[PDB]
Protein chains: 2
Amino acid sequence: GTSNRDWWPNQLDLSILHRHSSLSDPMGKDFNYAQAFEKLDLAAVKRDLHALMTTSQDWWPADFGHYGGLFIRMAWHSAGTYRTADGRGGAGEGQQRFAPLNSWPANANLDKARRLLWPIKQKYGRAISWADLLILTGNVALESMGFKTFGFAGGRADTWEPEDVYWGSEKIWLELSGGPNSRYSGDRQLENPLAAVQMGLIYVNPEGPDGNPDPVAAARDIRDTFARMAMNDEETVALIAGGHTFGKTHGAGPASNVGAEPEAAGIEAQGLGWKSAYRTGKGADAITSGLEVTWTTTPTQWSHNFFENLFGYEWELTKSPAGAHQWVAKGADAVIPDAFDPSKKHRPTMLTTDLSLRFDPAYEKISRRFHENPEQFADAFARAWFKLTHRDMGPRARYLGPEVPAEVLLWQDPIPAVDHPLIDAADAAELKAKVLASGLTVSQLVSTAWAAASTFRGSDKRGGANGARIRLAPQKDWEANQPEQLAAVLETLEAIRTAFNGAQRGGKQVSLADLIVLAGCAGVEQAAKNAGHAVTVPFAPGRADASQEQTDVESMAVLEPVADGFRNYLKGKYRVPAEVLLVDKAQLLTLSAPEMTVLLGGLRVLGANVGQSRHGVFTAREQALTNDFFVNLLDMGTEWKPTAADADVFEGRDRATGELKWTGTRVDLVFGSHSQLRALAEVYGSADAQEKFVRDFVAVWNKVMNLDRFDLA
Amino acid sequence: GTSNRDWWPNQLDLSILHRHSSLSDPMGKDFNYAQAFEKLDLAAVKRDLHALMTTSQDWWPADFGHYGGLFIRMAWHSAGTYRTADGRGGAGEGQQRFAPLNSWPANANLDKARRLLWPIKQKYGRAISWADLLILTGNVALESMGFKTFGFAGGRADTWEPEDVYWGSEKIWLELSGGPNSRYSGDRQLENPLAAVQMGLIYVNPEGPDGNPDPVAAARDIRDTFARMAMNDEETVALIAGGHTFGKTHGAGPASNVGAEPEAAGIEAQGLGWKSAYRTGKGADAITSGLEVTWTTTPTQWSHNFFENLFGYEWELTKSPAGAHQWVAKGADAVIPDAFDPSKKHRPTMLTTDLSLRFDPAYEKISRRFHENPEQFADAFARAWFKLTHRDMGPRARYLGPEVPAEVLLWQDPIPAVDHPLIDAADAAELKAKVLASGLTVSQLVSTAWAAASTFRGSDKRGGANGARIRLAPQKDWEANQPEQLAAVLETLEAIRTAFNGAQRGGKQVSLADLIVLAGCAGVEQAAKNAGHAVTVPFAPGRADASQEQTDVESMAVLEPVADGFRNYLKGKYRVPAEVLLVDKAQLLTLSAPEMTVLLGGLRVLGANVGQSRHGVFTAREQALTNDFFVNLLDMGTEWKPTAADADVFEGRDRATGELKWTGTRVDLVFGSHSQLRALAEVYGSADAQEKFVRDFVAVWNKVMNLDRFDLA
Ligand code: HEM
Ligand code: HEM
Ligand SMILES: [Cl-]
Ligand SMILES: [Cl-]
Ligand code: NA
Ligand code: NA
C-alpha cells in the first residue's frame, strides 16, 4: 500500500508531535502514575525480585543458577541508549519493550529477561511501571550479588508507543563506518546527535572499532560515546569494570544459527526472538553477541577480580566459537567456572574494550587506582550506576519512594529549596507594574522569558526557567540569548527584585527566576493591551535561584540552542532543513502542531526574533498581540521567491506592483506551504479568530513557562 | 532517518487507529461544528460565491470570464474518490486539501480553485468547513449558470490530517495496468476496494483504457468504476453529460512544461503546484490534463448542447497540443467559443469517454432519451449530483441548514421518524429482566446485538443498529450473522416486544431496533453478574424500525462483513493477513487500539464467535465477563505452534507436559506477539485489572451500540 512518505519522502513529518495521545494510552486520562507508585509495597516487589534471581526457567535457563548478570545488562541497556545532545533515549520511558530497541542486535535475548519479569509485573500491575521495573530489577540483581547500591527512585511512567528518535541513517544493522549513510566523517567524528558507533549498538563495538581488535583505538570510541552519554573517564571505567564483574557473554556456536529478531519473528514466537538452531538454543548453548567471555572467578558475586585479572595476566588475541575477536590470558590456569557443568573450568578472558581500560593511558591510571583501592571503585561504580539509571528523570522533585538518595548531586542541576513566603496576587500585580514602568519593552520582556523557559526539553526533563540559570555561565553568553541585551534586562530586573525584597518583612521575597517569568507575562499583557484587548496571563510563583557552583557548565552546553525557529534563529548552516529543526524543537518542548503554530505566530509579532530580524515579522504593529502573522502570511496578494544572495531567505512582493512587502525564512513560510501547517494557519488567520488566537497564545505561553514545574505536579 | 517501517515493513500498522487525536485538532475539545454552521448566514455565503464566479484573478484567469466549470470539477473530484467497498474517500472530510489527494495528477490545478475560495473561507471562519465549502461552491456554480440543484446539506466537519486510505500499491503515478503492482488481474478485474483504473485518477482514463482510445472498451471501465462509487447507468450518463455541459479541459502545450505537484513543490509556491513553463503558464496557455476539449457552444450556461453535439456529428480521432488522444467533429463549423479571444471559434470536440455515452449500447439508450427529453436529463443530473456530493454524509439526521431536500431517498438507508413516547429507565429495567427470563443466553444476546451494531462504518457513516435491518434481507442471511440462530433470537425478542407494547398505555412502545440493543445490554450485565460484578450498561432508546421496502438490498451488500475479527470470522481466504483485517475493522468502527483490545478480549469470553468456535476462547467460564483472555494469552507456561492442517490456526500447549490447552487464530495471537498490542494486553491481564476491564469493556460496548446515533448528537 503506497503511502505519503513513499511519494514525498522528504516532506516534513508532524506525527512526532501527535505521539503520546490519549488515543494509544490504555490508562484513563486521569491516571496518575506517581500516585499509584506511592502506594506500591516496594519492599514486597524487591522480595519477589530477589526470589526470581535464582528461579530458573527451562525456556532460558539461568547461567550459574543466577539471572543477576542478565538483569544488570538489561538495566544498563535500558539506560544506555541516552544521548546528551537531545536528551533522547534512556530508561525513563521503558522504550526497550517497543520497536526498534526491543530488536536491536545489542539487545538480543533481553526479550527473555523482560519476559522473566512478567509475572511480577502482572502481580503489581499499574503500581509499578515497566520503566521502573527494569531499573529496579538491575538494582536488586546487584544487591542479591553482594553490591550495595546508592539508591533508587521510582516515577518513570510507562509509554505506549515507540518514540520517534533519530538513531542514524544506515539501512543495514551494524553497518561499519564509511558507507553511503556513514555516521562518521573526517577524523572518526561521530555525527550529532548519535551516541553509538554502529546502528543497533549501545555505545561501542566489543571487538573494537569497526571490528578491528585494537584496545587503544577502542578506548577512543569508548571515551567519545560515553561522553555523549554524560559520563567522564572515572565514571566510564567504574561502569564498565563494575558491570563486567558479573555474569558472562554468550557465543557458543556460529551466529548463523540465530533467527529473526522479535519484530521479525512469527506470531507463534509471542514476542520473543533470536530463536537459535545451535544445540539446545539456550543455557550452555546460548548465542547472544557471539563472544564467549566470562570475566571473574565468581560471576554471581561482587569481587575485586576484574582488575586482578586485567592487570595480573598478559593477553592474547583469539576467537570465540562464533568467530568473534576476544582475548585470553597467556599461561593461565582454568580458574573461571563454567555456567552449567561443575566439572569444567576456563581460562580468564576479556573483550577488546575491557583491555581498553588498561592500555589507554588515562584509563590505566584510574584502573590502577581502583585495583589498589577497591573501596574507591565500589563507591564510584555505585554513584555512576545511580547516575546512569536516573540521568533522564529530571528534577529531584519527580523522584519517588523510600530509597531516593538524600545527597544532592551536581548532575541533577539542583534547585535550592524555597524557605520563605511566596509572592501573592497583589505582589505580582505590583511587580508587573514596576517592570512595565522601568522602560523594558514588550520585545525585551518576551524575549528574555522565552530564552529562560525554552531551554526545557521533555526527553530528559532538563532545562527551563526554574533556577534562573539564564543569568549564569554558560546561558548568559549563548548567542541565541543575545548576551548584551540580556545583560541589560537582567540588570533592570535584578534592581526591581532588590528593591522589592528590601521592602518586605516577614521573610517574603521574590526569586529572580520567578521575576523573569513574571516580567515575560507582563510583556504579553502589555502586548495584548497594545492590540486593544484586556488579557490576564496566569503566573505561578515558586521558582528558586540556583548558584553557579550548582550549575555544571560543561553539562549545560548541550542545552544551547543552535536552531530555535521560535526566534528565527540558526547558528550556522546545517544539512537538516530548518523547518525539520523547528518540529524537533517543538517536540522537545512538548508542543502539539496547533501549539507550535500559535506560539510561533505570536512570538513573531511580539519581537522575539534574535537580532530584531524582520524575517517573519508580518505585521505593521510589532509588540501588539495580534493574529497578523497568519492573516498576512496567507494573503494571496503576495508572491514569494527565494533571494539570489541566499536560497533560505524569501522575499514576499505584491503580485500586482512588484513592490517588497516582507521577508521570511523557511521556518516562517513552511506555515504557508505544508498542507497540514497551512490548515492550522488558516484557522488563526480567519476573520473570527482574533480572540481565539490571543487565548490560545496565552495558554501555550503559560505551558512553556511551567514546563519544569514538577514542584506543582 | 531509518524508521521502524523501514526495518519491518510488513509489521501491522496501528497508526491508522490514532488519527484524529485532539493533539492535531486546533479547535477546542468542545467545538461543535453543527452548532457553528447552524448560525452561518448561508445566503450571504452563496452571494459571495456567486460574485466570485465572475471575478477573475490574474494568477489563474477565469476561462470565458467564469470559474463555474473549474468549481464543478473541483466539487466532483472532492466527492469522486468515494468507494462503496469500504466507504472511504468522498467529500465528507475535505480530504482534497491534504496529501495525497491534493497532489493527485487528476487533481491538477484544483489547488488554484481552492486558493480562490480562501477569501470566503477566511471571512466566515469556523462557521463553514472547507469540506462543506467545496461542495457548496459546486452548487453555486451550477445555480449561477442556470441549473436548478436538488438541494444541499451542511455538516461535513473539517479534518486536520490525511486519512490512511489504501489507494493502490503502484509506486508510479498513473502507472498503466499489468505492472508489478497491477491493480488488475484476470479479465480486467479491478482489485477491491479500489474504484479507479490508475493510481492518481478519479474513475477512468479520459483517453481510454491504459490510453487506448476505444470508446466501447472505455465504457466498460466507466461502468465498473462508477458502480464501485454507487452509481448506476442512468446516474453515470447524467453525471458525465451534466458535468461536460460546462467548461473545458486544458492542454495548450506539452506536459513536460508542467512542474512539481504541490506536495513536491518548493516552499515559495506556498502550497500550489504544477507551475507551467508553457508561455504564460495559465489562462489561454493552461495545461491540466493535457487534453484540449470544449464541449458546448455556451460553456458558462446550462443547455442540452452536449447531447446535441454528441449525436449531431461524427467524430475523428486527433491529438491535443500535448499529444493526448481526443476527438473532433468531422466537417463542423467553428461554433465553440474560445476561452479568452472573442475573435476565435473552434470545432466541437469530445473525449473518448464522452463518446462512450453514445457507442456503448446501454448508455446510448439513456443518452438518447436524455437528448430527446432534456427535462428528464436535468432532473437525473440534479438527483445524481446530490447523491454524489452527499453519499458519505450518513443518516439524514446529520444534514444541516435551510436547503436540505425533504424527499427521502432510498440510498439514504432511511429510518422512519418516531411518533410515540419512548421507554424510560424503569421500562428498560423491566425489559432487560424479561429478556433474561426468556432463556436467551449471554452468547445469544451479545452476538445478536454485535451483529446488528457492528455494520457501522465511520468512513461513510453507513450501518449500525438503528433500523433493525438485521431482521431484513440481506442482513438476516449473511453468514457472519448465523442466520438460523439469529432467526430464533429475533422471534423471541419480537414476542417480548409484542407483549410489552400490548400492555402499554398512552402510545408508548419499544422498537425492535432498540430491543435488540437493550437485550445485548442485558447480556453484558448478566455476564458481569456471572463473574460476580453488578454493573449497569448504559442504554439510550430512540431507534426506529425500517421496512424492507425502505432498504435497498444491493446497496446493503457492501456492508456485509467478510472479515470480522471480533467474532473470529473470515468468510474465505484473503491475501491480506487476518490481523491487518482486524485493524481495518477497528478503524471502520472508530476504535482506538485500547478499545479494539478490550472489546475483542471480552467478546471472546462472552461467546460471540461465529459458529461457537473455541478459537481464542481462553477461559473455563465462558459467558462470564472476565479478563481471562488476557491472563491466559499472556501465560508463559503455554507454548504456541501452528497446526499442520492450517498455518493460520495455532495450538497452545502446556510447556512442561505437552498437554493441549487452547487453540487460536492469528487475530487472537497477535495480542501476544505485536509489541504495542501486547503492552495493551498486559494492562488488562494484570492482577489489578478486573474492575478496569469491566468498566472499559462496558464503555466500548456502549460506544459501538451508539455509533449511528446522530439523533442524540
Ligand atoms: C564499552 C562498554 C561495553 C561493552 C562494549 C559491553 C559489551 C558487552 C557484551 C558484548 C556483552 C555480552 C552480551 C552477550 O553475549 O550475552 C556484555 C555483557 C554484560 N555487560 Fe557489558 N559492555 C559494556 C559496558 C557495560 C556496562 C556499563 C555494564 C553495566 C554497568 C555492563 C554490564 C554487563 C553485564 C552484567 C553483562 C553480562 C550479561 C549476562 O551475564 O548475561 N557492560 N557486555
Ligand atoms: C468518465 C468520467 C469522467 C472523465 C474521464 C472526466 C474527465 C475530465 C477531464 C480529463 C477534464 C479536464 C481537466 C482539465 O484539463 O482541466 C474534465 C473536466 C471537467 N469535468 Fe470531467 N470527467 C468525468 C466525469 C465528470 C463528472 C461526473 C463531472 C461532474 C458532474 C465532471 C465535470 C467536469 C467539468 C465541469 C470539467 C471542466 C473543468 C473546467 O472548466 O476547468 N466530469 N473532465
Ligand atoms: Cl526517547
Ligand atoms: Cl477517507
Ligand atoms: Na530521554
Ligand atoms: Na468516506
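What follows is calculated from the coordinates using simple rules that are stated; it is not laboratory data. When we count neighbours, we look across all protein chains shown, and the Cβ atoms used for this are built from the backbone with ideal geometry, even at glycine.
Data for the structure
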read-out	value
Between 0 and 90°, nearest 10: helix B:675-684 axis offset from chain B longest Cα axis	40
For A:11-23, mean number of other protein chain Cβ atoms within 10 Å	5
Which of B:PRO577, B:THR626, B:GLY658, positive extreme of dipole for segment B:565-688 (C-beta unit charges)	B:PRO577
Summed residue charge, Cβ within 14 Å of B:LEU493's Cβ, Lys/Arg positive, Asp/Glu negative	+2
Cβ-based net charge around B:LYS476, under 13 Å, with every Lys or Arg adding one and every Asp or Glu removing one	-4
Signed unit charges on C-beta, dipole axis of chain A, positive-most listed residue A:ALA397, A:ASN609, A:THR297	A:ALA397
10 Å Cβ neighbours from other chains, averaged over peptide A:267-275	6
10 Å Cβ neighbours from other chains, averaged over peptide B:679-692	5
Selection from A:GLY247, A:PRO342, A:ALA362, by position along the positive dipole direction of segment A:168-372 (Cβ)	A:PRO342
Alpha carbon centroid spacing (whole Å) that separates segment B:274-299 from segment B:38-78	18
Value of [θ]222 nm, deg cm²/dmol, for chain A, DSSP H segments ≥ 4, -39500 (n - 2.57) each, nearest 500	-11000 deg cm²/dmol
Chain B, relative contact order [Cα under 8 Å, separation at least 6], %	12
Cα long-axis angle, helix A:374-390 against chain A (0 to 90 degrees, to the nearest 10)	50
Whole-Å distance, taken between Cα centres, linking segment A:135-190 and segment B:639-662	36
Cleavage-rule hits (trypsin sites (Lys or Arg not before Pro)) in segment B:469-540: DSSP loop, at most 13 neighbouring Cβ within 10 angstrom	B:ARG505
Karplus (6.51, -1.76, 1.60) ³J(HN,Hα), θ = phi - 60°, over segment B:67-82, in Hz, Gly and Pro reported as x	7, x, x, 4, 5, 4, 4, 3, 5, 4, 5, 4, 6, x, 7, 4
Tilt relative to chain A, helix A:42-53 - C-alpha long axis, 0 to 90 degrees, to 10	40
Closest approach to the axis - chain A beta-carbon, rotation onto B, Å	A:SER21, 2
Spatial separation of Cα centroids for segment A:234-248 and segment A:1-19, in angstrom	42
Low-density loop positions, GluC sites (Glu not before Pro), segment B:494-565 - DSSP coil, at most 12 other Cβ in 10 Å	B:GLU549
Other-copy label distances relative to A:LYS275, 7 angstrom Cα-Cβ extension, nm	5.6
Local net charge near B:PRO348, Cβ-Cβ under 15 Å (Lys/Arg +1, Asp/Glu -1)	-1
Copy-to-copy label separations for A:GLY532, where each label sits 7 Å from Cα toward Cβ, in nm and ascending	6.8
Proximal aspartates and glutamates relative to B:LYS171, as straight alpha-carbon distance under 14 Å, when same-chain residues fewer than 8 apart are discounted	A:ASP6
Among the listed pairs B:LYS275/B:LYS319; A:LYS432/A:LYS529; A:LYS39/B:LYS703; A:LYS571/A:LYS641; A:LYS248/A:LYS275, those beyond 25 Å (Cα-Cα)	A:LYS39/B:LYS703
